[PDB]
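Single-structure report; data block below.
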Amino acid sequence: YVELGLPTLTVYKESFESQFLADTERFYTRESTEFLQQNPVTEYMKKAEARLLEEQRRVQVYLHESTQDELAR
Amino acid sequence: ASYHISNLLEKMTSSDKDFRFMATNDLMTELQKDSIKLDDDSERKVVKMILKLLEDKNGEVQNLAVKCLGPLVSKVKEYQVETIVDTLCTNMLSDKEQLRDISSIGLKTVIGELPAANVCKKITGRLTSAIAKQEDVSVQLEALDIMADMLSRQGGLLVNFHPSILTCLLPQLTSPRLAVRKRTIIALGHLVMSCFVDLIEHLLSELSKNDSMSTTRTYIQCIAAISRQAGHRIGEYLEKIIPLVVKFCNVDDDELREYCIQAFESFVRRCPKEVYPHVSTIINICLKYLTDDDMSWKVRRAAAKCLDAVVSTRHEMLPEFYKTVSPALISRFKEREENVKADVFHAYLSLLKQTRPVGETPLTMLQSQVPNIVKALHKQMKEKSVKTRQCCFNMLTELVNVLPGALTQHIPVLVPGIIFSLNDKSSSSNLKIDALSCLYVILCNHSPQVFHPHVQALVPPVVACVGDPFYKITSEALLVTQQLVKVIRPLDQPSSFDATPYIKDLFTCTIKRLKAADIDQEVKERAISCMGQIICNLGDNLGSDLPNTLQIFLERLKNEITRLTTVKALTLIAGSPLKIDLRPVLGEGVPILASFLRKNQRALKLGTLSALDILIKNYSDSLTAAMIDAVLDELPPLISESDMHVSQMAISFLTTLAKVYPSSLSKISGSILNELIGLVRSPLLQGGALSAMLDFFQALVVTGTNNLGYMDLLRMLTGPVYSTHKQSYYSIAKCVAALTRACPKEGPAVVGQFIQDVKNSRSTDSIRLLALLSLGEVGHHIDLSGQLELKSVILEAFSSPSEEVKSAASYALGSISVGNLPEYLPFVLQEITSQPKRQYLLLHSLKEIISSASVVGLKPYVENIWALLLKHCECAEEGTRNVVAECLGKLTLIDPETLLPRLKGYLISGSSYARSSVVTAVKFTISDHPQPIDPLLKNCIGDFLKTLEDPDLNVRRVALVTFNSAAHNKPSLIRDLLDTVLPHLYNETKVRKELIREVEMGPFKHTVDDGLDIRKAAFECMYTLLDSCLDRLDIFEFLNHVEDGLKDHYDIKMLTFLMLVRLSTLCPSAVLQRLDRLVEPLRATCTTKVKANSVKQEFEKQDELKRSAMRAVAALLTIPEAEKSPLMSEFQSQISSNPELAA
């Protein structure tokens, strides 16, 4: 997706980045909503830290660098 | 301008104090705020004038000049700074004491202002001769103070002058004056932090050679000070310090204090040591050393305090502590003066804190040793000192907190002590507060049965404590009264106690506090909570005061201060076994509670919703319409996708209202229904809230109302679809299934859905998908075996151009089979073998049935399903193999005892495909939450991992994947098998030159590697091991392999960089020992160049790898003591761009 569209990332943003960000937002919102109901905030803090670390690992392993600043935001 | 400076300089010599003070203040405030264009001659005159004014005969002018000297040196040429420093230095040696003090203060101010290098060098050169052993004690003191301040302010510079500083400081340790010794000890401690690395060796050698001579406590104090200020550096000398100190433990002179302190400091700072029993015995024997007139008490204090470091710092020595005399002597030794008793009690508090959890467990030993502590506390409770009683109460509270129920047989002896402490007049407020807290903690953490005989002896003290002008004690008494009320009349257990004689008093002490009349807010809240608890528990015994006191609840509801407390009290009162008559109050309360929904308070919203729900549930025969629409007027705002919890509570309230009051169900046809429909299609809709809505729908369908029938609901639900997210389709299907379940006589609906699904003409993909989902959801509960044309149309829907319809048909094929397994399961089982062009969706449907069907109903067909899966294990298609393995793994969950041996026995002679399927199937059995199969998996994972770690390539890959999944999900299974598995992983983490097949075409090359996947899986396992399995592993055997993988394939390079970044924070010392061999590959990564004539993408692909290496080395540079620079200062034009991009 980076190679096509001739770095130019028009195809990458139009096809993959936006949808991936939308599903990430929906999944994280649902996870936070379902976790805050039963378990207390003390475990939610550790879960949030672990999720942030996992997302950083994913974005630095198999995602483009241009998504590093947006997703972490 | 120059004229202003000239006139200030002229007036500075007016011989009049007021003129001399105003001009100096003006000069200071002008220099403090951006002095403009000050010519060099002006600097000269200003410096000379200030230096002369420092010798003036009035203190005010000298002090103002001293303060002004600071902001002056901010902006002056360096030569004036040098001459000012020189003048201060020579004035410091003047005979006049005022000049010495003024110069010292000025030099201290200059040093504090300075953040520059030559000034400090000159000052140090002067002070080195100043501190030398001369006949002026005051000059030595001032020079020592100045050098100590300079070292504290900055120590990075003066690297070459440190040996001279040490050489001048060392002889001062034997000076007759003790103040000189203390000051030079402080100076040496400050100097140690700055240093270079060699100087500590000479300092330690000098201390060691001085100690083995005519000794003095000054050397021991200096050793303790430098060890406190620098712990890690002096660790290597622990073997050469302890025996010499121990040799001095037998001196009759009372110098054991210093030894005890340096031991305490060492244990606080330096944890690695193996001489604990000897020092523990020394401390124990020194603790009982007694033989105001005799000075033998600070030794006991130090000995008792030293045990605190041992107890708190060490956690793995708890059984050793409990079994030895560590707590036994402390419990026995509780009769001493106030300070020693207090510090011993603090040590025992630390011991109890360490006992708190993160054959003979520490809790069991503490329980066994409880009686001695109880006897000691009972004996110590008769003292007249409030501090001892406070310490005893803290001990009791901590002992109850660490383990509940410990004080079960000790209540009859502990209660008299608490009663005496509460009834004593000399007791302070703090003692009463902590005694009440301890009593509350004991009552809350023990059975009510043991407290019954003492109930007569516990009520008058608490009642007296209620009537106290101090509000804190009153609040504590109310808190204790709540637990007393709970204990005397429990509702979850049968009790024969008669609490009637204690009723009125408990009311009398409370109702007066209920009428606040400008009292503390916390007192109001506690009184309201206690009054509500009294209503909930002892309402029957109350007479005619209930209607009068019920209005106070409304009054406390009116104001904002106690809204939440009153709401909680009313909710507790409503939900009680005793049906309290709240009807007279409910009529006024309901509108007030409903009005609270408008304001944006989440906690208040939830509280008032729960209160309304419980009130309408308990009381349904006293409701009027007006309160109903008053409550429902604010519901539509509360139903939104933004807040799922509030929507769920509103749905539950609506369901309860429909259940109890179905008459007023015609007012929800407006905005409420629209909001509910909008929430139905919300993608975030999930969880029990969804279920709640389903329940609500069912209830409504049970009631029956105009424009709210089954057909109207179906039309409203399926309007937009028949005329976008998949979760909306699933929610609509579930709602349709629930509505169908509400009315069993709905046969035509299924046939209509069948006609809609089978009619190809004028049918969109969305309509077919919705119909398939609805049919699958409906058939999940009710039987559809008597209806024909199902299997034919479902199998026809498999051949569709859209994958959504294919997935929906595959899911819905086995959904009806859940209701009727015997008719449908053999059909799909036979269709799997009969038709090979659709067996993928058939296997998916079979997996769905296995996941969904009941275990007791699926037991008879387990053998057939297992036989079919084993026959289909060897297939040409990979996806079919994965589906079969997943089905086997899910089937393994049920009846594991019978079938786990069967999968166990296939490892002996199974084929490569069979072994791979077996390893893959067990992967799906591991779950994050605990499962009943956990011990079996723990006991049989050993051969799945160890014995089958290198039969072949694909088997190795699947075994590594299973190990990674197990480590990520349940590390406990592989916690004890790391030792026998890690060498195999390290073997897997090596490059092999037999699976690299190079394909060459002209001047171009294309390397193809087969075992990249195995290495990547091994590296992923290694990365996952850091999360929870990092403590029990050899760090070097991980770091050398990390270095080896640093030069691996491009994909693994980023993972290795991430591992290096993670290890930068975790265990910095191990990285420090390997910082020289962890950068050379990282330096090659930032230097490598690619051959020309390559594609443009090949040019940019190193442009992220080099950036990642730059980030990794930048993270590695964050180690506090990573000062070593392996030719790092090589920044040409191209490389230097990367720093700022990384930052």
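Labeling convention for the structure tokens: chains A, B, ... as they appear, residues from 1 per chain, ligands from 1 in order of appearance.
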Find the residues of chain B in contact range of chain A, meaning any atom within 10 Å when counting only C-alpha atoms, and list them as a PyMOL selection string.
chain B and resi 643-645+683-688+1027+1051-1055+1057-1059+1096-1097+1100+1104+1108
Write the residues of the selection above to a file with N, CA and C atoms, as a compact mmCIF listing (two decimals), in the first residue's frame.
```
# COMPACT_ATOMS: atom_id res chain seq x y z
N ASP B 643 -23.37 7.28 26.84
CA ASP B 643 -23.33 6.69 28.18
C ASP B 643 -24.10 5.38 28.14
N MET B 644 -23.38 4.26 28.15
CA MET B 644 -24.02 2.95 28.12
C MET B 644 -24.62 2.58 29.47
N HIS B 645 -23.96 2.94 30.56
CA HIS B 645 -24.44 2.57 31.89
C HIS B 645 -25.77 3.24 32.21
N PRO B 683 -23.26 0.74 17.10
CA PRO B 683 -22.19 -0.27 17.05
C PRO B 683 -21.61 -0.60 18.42
N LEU B 684 -21.59 0.36 19.34
CA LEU B 684 -21.03 0.13 20.67
C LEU B 684 -21.97 -0.63 21.59
N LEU B 685 -23.19 -0.92 21.15
CA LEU B 685 -24.15 -1.65 21.97
C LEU B 685 -23.68 -3.09 22.16
N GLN B 686 -23.40 -3.45 23.41
CA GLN B 686 -22.97 -4.80 23.76
C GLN B 686 -23.13 -4.97 25.27
N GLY B 687 -22.87 -6.18 25.74
CA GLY B 687 -22.93 -6.45 27.16
C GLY B 687 -24.36 -6.64 27.67
N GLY B 688 -24.46 -6.79 28.99
CA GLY B 688 -25.74 -7.08 29.61
C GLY B 688 -26.80 -6.05 29.31
N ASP B 1027 7.50 -9.85 29.66
CA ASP B 1027 6.32 -9.31 30.33
C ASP B 1027 6.14 -9.89 31.73
N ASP B 1051 13.38 -7.72 9.10
CA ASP B 1051 12.18 -7.77 9.92
C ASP B 1051 12.52 -7.93 11.40
N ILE B 1052 13.52 -8.76 11.71
CA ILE B 1052 13.90 -9.00 13.10
C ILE B 1052 14.65 -7.82 13.69
N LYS B 1053 15.20 -6.94 12.85
CA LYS B 1053 15.97 -5.81 13.36
C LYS B 1053 15.11 -4.87 14.20
N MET B 1054 13.89 -4.58 13.74
CA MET B 1054 13.00 -3.71 14.51
C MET B 1054 12.62 -4.34 15.84
N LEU B 1055 12.35 -5.65 15.84
CA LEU B 1055 12.04 -6.34 17.09
C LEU B 1055 13.22 -6.29 18.05
N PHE B 1057 15.55 -3.96 18.11
CA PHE B 1057 15.64 -2.58 18.59
C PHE B 1057 14.62 -2.31 19.69
N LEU B 1058 13.40 -2.83 19.52
CA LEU B 1058 12.38 -2.68 20.55
C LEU B 1058 12.79 -3.39 21.84
N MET B 1059 13.39 -4.58 21.71
CA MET B 1059 13.89 -5.29 22.89
C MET B 1059 14.99 -4.50 23.59
N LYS B 1096 13.38 3.11 -5.95
CA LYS B 1096 13.20 4.22 -5.01
C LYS B 1096 12.79 3.75 -3.62
N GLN B 1097 11.92 2.75 -3.53
CA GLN B 1097 11.51 2.21 -2.24
C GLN B 1097 12.67 1.58 -1.49
N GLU B 1100 14.40 4.30 0.52
CA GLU B 1100 13.75 4.80 1.73
C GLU B 1100 13.61 3.76 2.83
N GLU B 1104 13.94 4.36 7.59
CA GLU B 1104 13.31 4.09 8.87
C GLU B 1104 14.15 3.20 9.77
N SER B 1108 15.21 4.13 13.48
CA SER B 1108 14.95 3.24 14.61
C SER B 1108 16.21 2.96 15.40
```
Review point. So what do you get for atom CA of residue 138 of chain B versus atom CA of residue 61 of chain B, distance-wise?
Key: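 Atom CA of residue 61 of chain B lies at a distance of 24.8 Å from atom CA of residue 138 of chain B.
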Shell around residue 162 of chain B at 8 Å using only C-alpha atoms, local window under 4 positions removed, as an mmCIF file with C-alpha atoms, in the first residue's frame:
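In the end it all went to selection_19.cif:
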```
data_model
loop_
_atom_site.group_PDB
_atom_site.id
_atom_site.type_symbol
_atom_site.label_atom_id
_atom_site.label_comp_id
_atom_site.auth_asym_id
_atom_site.auth_seq_id
_atom_site.Cartn_x
_atom_site.Cartn_y
_atom_site.Cartn_z
ATOM 1 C CA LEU B 158 37.213 20.049 39.193
ATOM 2 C CA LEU B 166 41.205 14.655 49.392
ATOM 3 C CA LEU B 191 33.226 15.038 47.380
ATOM 4 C CA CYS B 195 34.169 11.471 41.945
ATOM 5 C CA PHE B 196 37.398 10.372 39.831
ATOM 6 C CA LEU B 199 39.884 8.374 44.392
#
```
Exercise for the section: Could you tell me which of B:818, B:646, B:858, B:868 comes closest to residue 894 of chain B if we count only C-alpha atoms? Expected result: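 Looking at the shortest contact to residue 894 of chain B, the residue is B:858.
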According to DSSP computed on the backbone, where in segment 440-640 of chain B is there helix (DSSP H, G or I)? Give the residues as a ChimeraX atom specification. /B:440-444,448-451,455-457,459-466,471-488,500-514,521-538,545-558,563-574,583-595,602-618,625-632,635-638
- Between atom CA of residue 381 of chain B and atom CA of residue 420 of chain B, what is the spacing in Å?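 Atom-to-atom, atom CA of residue 420 of chain B to atom CA of residue 381 of chain B, that is 8.9 Å.
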One residue among B:624, B:225, B:298, B:405 is nearest to residue 263 of chain B when using only C-alpha atoms, and that residue is B:225
For residue 310 of chain B, find every residue with an atom within 9 Å (counting only C-alpha atoms), except residues of its own chain fewer than 6 positions away, and show them as a PDB file with C-alpha atoms, in the first residue's frame.
```
ATOM      1  CA  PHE B 264      21.134   0.132  59.576  1.00  0.00           C
ATOM      2  CA  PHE B 267      20.872  -2.629  55.144  1.00  0.00           C
ATOM      3  CA  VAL B 268      18.689   0.269  53.986  1.00  0.00           C
ATOM      4  CA  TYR B 276      22.393 -11.521  58.058  1.00  0.00           C
ATOM      5  CA  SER B 280      20.861 -10.384  63.707  1.00  0.00           C
ATOM      6  CA  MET B 317      13.154 -13.980  54.910  1.00  0.00           C
TER       7      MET B 317
END
```
**OP:** May I ask for the distance between atom CA of residue 700 of chain B and atom CA of residue 725 of chain B, given in Å to one decimal place?
**Re:**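 Atom CA of residue 700 of chain B sits 26.5 Å away from atom CA of residue 725 of chain B.
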- Got a sec: who's within 12 Å of residue 531 of chain B, counting only C-alpha atoms, leaving out chain neighbours fewer than 2 positions off, as a ChimeraX atom specification? /B:478-479,481-482,485,506-515,523-529,533-539,542,546,549-550,552-553,565-566,568-570,572-573
Item to complete: Name all residues at most 12 Å from residue 948 of chain B (count only C-alpha atoms; drop same-chain ones fewer than 3 positions away) and give them as a ChimeraX atom specification.
Response: /B:904,906-910,912,915-916,918-919,941-945,951-960,962-963,981,984
